[PDB]
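# Architecture and fold: a report
Listed here are the chains, written in short residue letters.
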Amino acid sequence: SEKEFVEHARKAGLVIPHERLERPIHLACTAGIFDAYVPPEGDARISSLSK
Amino acid sequence: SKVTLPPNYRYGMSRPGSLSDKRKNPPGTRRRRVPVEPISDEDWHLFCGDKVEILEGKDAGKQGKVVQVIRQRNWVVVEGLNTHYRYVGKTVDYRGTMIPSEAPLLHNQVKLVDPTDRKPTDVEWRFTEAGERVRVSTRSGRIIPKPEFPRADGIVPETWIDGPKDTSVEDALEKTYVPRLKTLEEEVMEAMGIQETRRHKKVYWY
Amino acid sequence: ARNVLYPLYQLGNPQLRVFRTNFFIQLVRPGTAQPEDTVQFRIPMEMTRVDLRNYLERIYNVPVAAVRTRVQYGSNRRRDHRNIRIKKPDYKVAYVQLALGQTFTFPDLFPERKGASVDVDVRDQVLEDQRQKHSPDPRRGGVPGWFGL
Amino acid sequence: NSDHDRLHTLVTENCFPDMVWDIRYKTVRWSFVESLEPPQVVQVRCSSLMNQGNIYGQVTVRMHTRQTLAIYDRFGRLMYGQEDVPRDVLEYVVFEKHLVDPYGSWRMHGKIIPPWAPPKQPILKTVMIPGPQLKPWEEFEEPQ
Amino acid sequence: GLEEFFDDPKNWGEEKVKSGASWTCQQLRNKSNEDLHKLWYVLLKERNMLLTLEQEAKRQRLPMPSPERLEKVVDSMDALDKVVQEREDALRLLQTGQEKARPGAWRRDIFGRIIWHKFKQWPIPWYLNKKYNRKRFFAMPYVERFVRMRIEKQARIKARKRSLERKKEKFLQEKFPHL
Amino acid sequence: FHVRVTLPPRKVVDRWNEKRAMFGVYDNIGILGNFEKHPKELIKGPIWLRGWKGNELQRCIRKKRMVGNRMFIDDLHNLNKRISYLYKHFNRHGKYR
Amino acid sequence: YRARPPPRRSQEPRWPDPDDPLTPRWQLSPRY
Amino acid sequence: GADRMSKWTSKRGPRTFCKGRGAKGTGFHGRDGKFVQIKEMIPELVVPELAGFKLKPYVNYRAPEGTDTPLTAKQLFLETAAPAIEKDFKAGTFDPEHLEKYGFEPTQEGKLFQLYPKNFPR
RNA sequence: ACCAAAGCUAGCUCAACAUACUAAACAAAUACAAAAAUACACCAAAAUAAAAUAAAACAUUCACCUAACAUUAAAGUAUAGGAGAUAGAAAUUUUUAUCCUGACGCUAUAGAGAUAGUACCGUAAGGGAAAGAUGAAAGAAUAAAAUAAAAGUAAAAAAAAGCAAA
Ligand SMILES: [Mg+2]
Ligand SMILES: [Mg+2]
Ligand SMILES: [Mg+2]
Ligand SMILES: [Mg+2]
Ligand SMILES: [Mg+2]
Ligand SMILES: [Mg+2]
Ligand SMILES: [Mg+2]
Ligand SMILES: [Mg+2]
Ligand SMILES: [Mg+2]
Ligand SMILES: [Mg+2]
Ligand SMILES: [Mg+2]
Ligand SMILES: [Mg+2]
Ligand SMILES: [Mg+2]
Ligand SMILES: [Mg+2]
Ligand SMILES: [Mg+2]
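Each chain's residues are numbered sequentially from 1 according to the written sequence, a convention that need not reproduce the entry's numbering, and residues without coordinates are excluded. Whichever chain is written first is A, and whichever ligand is written first is 1; the rest continue in order. Shown here is not the whole assembly but part of a larger one, and the values apply to the part shown. The side-chain figures draw on all heavy atoms in the structure; neither hydrogens nor water molecules are used. Residues with missing side-chain atoms are left out of burial classes, side-chain pairs and their counts.

In the PDB archive, cryo-EM is given as the structure determination method for this entry, at a resolution of 3.2 Å.

As annotated in the PDB entry, chain H is Mitochondrial ribosomal protein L41 from Sus scrofa. This entry appears in the Protein Data Bank under the title "Unique features of mammalian mitochondrial translation initiation revealed by cryo-EM. This file contains the 39S ribosomal subunit". UniProt positions are given in the numbering used here, feature names are shortened, and annotations may be inferred rather than shown by experiment. The UniProt entry for chain H carries this comment under Sequence similarities (unreviewed entry): "Belongs to the mitochondrion-specific ribosomal protein mL41 family." For chain H, the Subcellular location (unreviewed entry) comment in UniProt is given as "Mitochondrion".

As recorded by the PDB entry, chain C carries the name Mitochondrial ribosomal protein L23 and is attributed to Sus scrofa.

### Looking at the packing of aromatic side chains
Any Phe, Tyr or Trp ring, taking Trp's six-membered ring, that has another such ring centre within 6.5 Å forms a pair; planes under 30 degrees apart are called stacked, those over 60 apart edge-to-face, and the others tilted. This structure, assessed with the given rule, holds 23 aromatic pairs over all chains. Aromatic pair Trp160(B) and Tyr61(H): ring centres 5.0 Å apart, planes at 75 degrees, arrangement edge-to-face. Taken together, the residues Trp160(B) in the loop between strand 10 (143-144) and strand 11 (166-167) and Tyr61(H) in the loop between strand 4 (58-59) and helix 1 (73-90) connect one chain to another. Taken together, the ring pairs connect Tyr206(B), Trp122(E), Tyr132(E) and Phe137(E) into an aromatic cluster. Helix and strand assignments follow DSSP, with helices taken as H or I runs no shorter than four residues and strands as E runs no shorter than two, numbered in order from the N terminus.

### Re the sheet that holds strand 4 (residues 64-72) of chain C
Note: strands within a sheet are paired through backbone hydrogen bonds, in either parallel or antiparallel orientation. All names here are of chain C. Any two strands with at least two DSSP-identified bridges between them are counted as paired. Pairing is antiparallel in the open sheet, where four strands are placed in the order 2-3-5-4. The sheet is open, and its two edges are formed by strand 2 (26-27) and strand 4, each paired on a single side. Sheet topology note: the strand 4/strand 5 (residues 91-98) ladder contains eight bridges and is antiparallel. Residue pairing in the sheet places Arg70 in a bridge with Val93 of strand 5. Pairs of residues are marked as contacts when any of their non-hydrogen atoms sit within 4.5 Å. Angles here are taken between N-to-C directions and fall from 0 to 180 degrees, while the axes themselves are lines fitted to C-alpha atoms, restricted in helices to the stretch in contact. Strand contacts of helix 1 (residues 49-60): strand 3 (38-43), strand 4 and strand 5, with the helix running at about 130 degrees to strand 4, the strand carrying the most contacts.

### Brief notes about the UniProt feature "binding site: Mg(2+) 4" (unreviewed entry) in chain H
Residue and element names in this part refer to chain H. Per the UniProt record, "binding site: Mg(2+) 4" (unreviewed entry) is found at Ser10 and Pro14. Checked against the element boundaries, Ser10 lands in the segment before strand 1 (27-29). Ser10 sits in the partly exposed class, given a relative accessible area of 26%. Checked against the element boundaries, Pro14 lands in the segment before strand 1. Residue exposure (1.4 Å probe, protein chains only): buried if accessible area is under 20% of the type maximum, exposed if over 50%, otherwise partly exposed.

### Quick notes on the UniProt feature "binding site: Mg(2+) 2" (unreviewed entry) in chain H
Residues and elements named next belong to chain H. Here the UniProt feature "binding site: Mg(2+) 2" (unreviewed entry) sits at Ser10 and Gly13. Setting aside its immediate chain neighbours within four residues, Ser10 contacts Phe17, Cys18 and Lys19. A distance of 3.4 Å separates a polar side-chain atom of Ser10 from the backbone oxygen of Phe17. Mapped onto the elements of the fold, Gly13 is located in the segment before strand 1. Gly13 sits in the partly exposed class, given a relative accessible area of 25%. Under the rule applied, a polar contact is a pair of N or O atoms within 3.5 Å (in protein, one hydrogen donor and one hydrogen acceptor; residues adjacent in sequence only if both atoms are side-chain atoms).

Following this line, the structure appears as structure tokens:
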């Protein structure tokens, strides 16, 4: 007569086990783009001109 | 601290005392035993930090540094080589930061590479004449070093600065001992000049 | 000292001395209001009033006026997945009172750095800005915004 | 083709979530027809991480293009744009490569859109944007 | 003298408070008796402080600053203990030659188990002692049966532990036949 | 009555493994061997069962006579009870009399 | 494979330990 | 059905049941019924002056550990009695009857802290 | 489409051998009301096993039934027995080493009661459970993968008349 349900799933961000990582996360890439080239405002009208 | 694991247990690369683990395998979990090829600790030729070649998987013929070994399941981790992709940051509106992550390898799919010609080789434990135990290559006939590696603390002994409650190397290694036949009690009581006269009456033991 | 044998006392015996004491002590913040005279410790189960008074005065040089103690019963009620009971261990609490009119107060051990809290609010504002950046354009209607055209 | 394995060799970790995510339950048909102006290299940048001694070469290639894009909805009914229009695009495409890495892949890192960029072609379906949801005691306020 | 229960106020709100390694036994075998006696109190005060900080961390729902210290300190004290004990147990082996600091005997109790009975100190000799006299170290004859059962039970357990291990070897040999 | 949905790993038995290849080798040891050892000697088994046979009652009765004093209490008791049962049953019960 | 060595009956005289309690009392007799 | 498993404690019984938690008795009941404390049974902490000395609860990390040699009765015999014994046998003054000059103690009952019945707690 | 369904492991069984046979762990506390350092005593002991049952009842009798002597025969013979049921010898005979240990034993309602003598039930002696299943990795949960097959239901109430079908 006594039995209960299980499995209530949760996501808990907690900094302590995140620090205790024994093999720190290896990244192939960096998320941002350092310096963003900001192009000429007339770049549509200089495209029809080759040289 | 020593956490005692249940007799039947699976090893998920997650540190057995951690929330990732308690969440993966809760108090009452008993799963099917994964058959593991028994290896005596003296037959184990793979440590952390040594360059190795991968014989299997989608990434093969490559070479990488071993980060972590899991001995209970016979596993190696070659950083950023054996790979599958996983999101880390999460909230309801935001799935953040897809990160490449490493799937572990059996020790059959990874061979140790000797430094000189950068080929994969069969390592065999040998005793030399100096009382030393080193790994010797079967194919190339050379000895392979052992991978000196940092430690879990992230504390390098060479660069260090003593805080208030740290004792200096000088005072720690200093030998004050005069190996004489009195106990701690007699020594200290004599040194503090505490003077006691009376003696204990007879006691019966049983 | 605890867990150790003590020599039987008969009449006209030497004074009993403990050279390296076994005990250990927690200074804890009170759960209820207390007069400034009063400090409150958690001690090992086996430590007597007299013991703790001597302990404080000798090791720490604290002028003890009076000491009272009680034993707190830890709950046996919580159950295991096996339905076995778990016992939060019982412990001894010691109220001490300082002699020379000395007032104590339990110090705040976790004052927050305002620069780390401002960096936390700025990282929360930056995170909310990223989650507002990634959020879909209402007017696109669910067409993926990667493609130039 | 929706082949993700090759897509993990080509594009970077920052790009992949973006170009794959939204589109996974839909059908994409994308074709390359012309490149009007041959691809130009605008700039190059390096990020020096003193921790890892790791350097990432980042190359921005500006390119002008002729592309045909058609996105179909999961029921197979057209959603975004025609398959017959060779539409002209201008994209500023950032590339990245890890250097210290011995396997040294050249990858597609990101896509930058200019502030003056031409408004993208309109959607097919009609879309509604709701006003602020009001509790009972909260009165509405209209800005001008 | 109440502040020795707390770290220097310079440390209070800080996440990481760094610290040295715990004492090895070896470094302690070099120190004299007096210096060990002192080091015991230096270690005591610090262990107390650390425990205080521990509980106070639980109270505030916050993680404890650099928890590891508490481990280290303990080991040190523990290590220190192991050393001093050595010098006693060596010493008495010289003087008396008994391996055990407490007088004791091998006895057989009511239940027929062979027990190590530690002795106790009494003001009166053993035959004049009511309470001690009413313990029984010896077994009655019926107990002999139970003794047998014990053995057999034990034997079984060992017997089928052995058989298990044997089995585990065979399985593996057909799973990994690299021989 | 639900039947298993996945094909089991096909078990390959090689019949040329050592034990199967050498089977029944010394069985003729008496005849070809100028009789010295009877084939009984080849039989590896429980001490009371080597080169002998019988119905369950006889079997039990024999086990008790040979190893009955090396037995564990529980097992000896069980054996006695089994014997008594089998005795009563064989002797006093059945169709055929 | 090659078969085990054939089981043979040793024709040497066989004397059991008179001092070993695990030895049967029929093999200790004069008759034996 | 009461409670079998939970341990027996003074909190559980009647008024008449008082069972200590294992602290040690400091005295006896006197004449008036009032309790008398014996100053000798109350442990006296022996605490050294820590102020003028240099040692700390932790050790520098680059400071070396050492080869681990557990002290044995033998090594202790060699560091103490062996130099003196060799010195007085080489001089022919060695007396197998009285070894007491070297630090050997024939019997334990004279001295304050005895080793075998173990008179002291710590 | 729900409820569900499928794994093969945990371990077990029976023998062999074997040294020899009360495991492990003991700092303190444990025979005050076990786990409570400390005061003049007492302490200890044995007597045939019985009956259910068989004899178609039951009265003498009724193998085995917590006492080492095995094996092949003598032999179910001599004997003993309300001379009924049944019980039942001996003299005298036979027995060649050690290695080749495992399995036409079980696979989660099986095999141990056993994930455990735990939960729970009894004042107590005592009784005594049930329960596991993803993958190389879940440090791959906008998660990926092969049954969708029991009864029970839903998708879909019923329409004169009758062992419900033929
Ligand atoms: Mg009180
Ligand atoms: Mg009960
Ligand atoms: Mg009470
Ligand atoms: Mg009450
Ligand atoms: Mg008083
Ligand atoms: Mg009858
Ligand atoms: Mg009948
Ligand atoms: Mg009748
Ligand atoms: Mg009878
Ligand atoms: Mg007659
Ligand atoms: Mg009759
Ligand atoms: Mg079962
Ligand atoms: Mg069962
Ligand atoms: Mg159905
Ligand atoms: Mg009809």
